[PDB]
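Undergrad: For the sequence shown, the deposited numbering gives the first residue as 1, with consecutive numbering after it.
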Amino acid sequence: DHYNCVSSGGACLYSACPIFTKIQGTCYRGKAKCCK
C-alpha cells in the first residue's frame, strides 16, 4: 500500500515506472503501482 511503498523507498505511480524503479506491489486501492 502507499505507506509501505514509500517507507520502503518506492513511489505510488499511475503510469510506467520511471528509470531505476520497477513494479513491486500497488497503492491507492490497487489503482497505482509501487515503483521501487
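Where is the CB? At the ideal position from N, CA and C, for every residue including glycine.
1. Determine, using beta carbons only, whether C35 and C17 come nearer to each other than 8 Å.
2. Please go through the same chain and pick out, in chain order, the residues whose beta-carbon is closer than 6 Å to the beta-carbon of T21, but skip the five residues on each side of it.
3. So is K33 buried or exposed if we call it buried at 16+ other beta carbons inside 10 Å?
4. Taking 6 Å as the limit between beta carbons, can you name the residues of its chain near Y14, skipping five residues before and five after?
5. So, for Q24: in the same chain, excluding its five sequence neighbours on each side, which residues have a beta-carbon less than 7 Å away from its beta-carbon?
TA: In short, the structure shows the following:
1. Residue mapping note: residue 35 aligns to position 35 of the sequence shown, counting from 1. Residue mapping note: residue 17 aligns to position 17 of the sequence shown, counting from 1. Result yes, Cβ atoms of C35 and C17 sit closer than 8 Å.
2. Position 21 of the sequence shown, counted from the first residue, corresponds to residue 21. Within its own chain, the residues whose Cβ lies closer than 6 Å to the Cβ of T21, once the five positions on either side in sequence are excluded, are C35 and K36, listed in chain order.
3. Here residue 33 refers to the residue found at position 33 of the sequence shown. When all chains shown are included, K33 counts as buried.
4. Counting from one through the sequence shown, the residue named residue 14 turns up at place 14. So the list reads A32, once near-sequence residues are dropped.
5. Here residue 24 corresponds to residue number 24 of the sequence shown, with the count starting at 1. So the qualifying residues of the chain are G10, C34 and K36.
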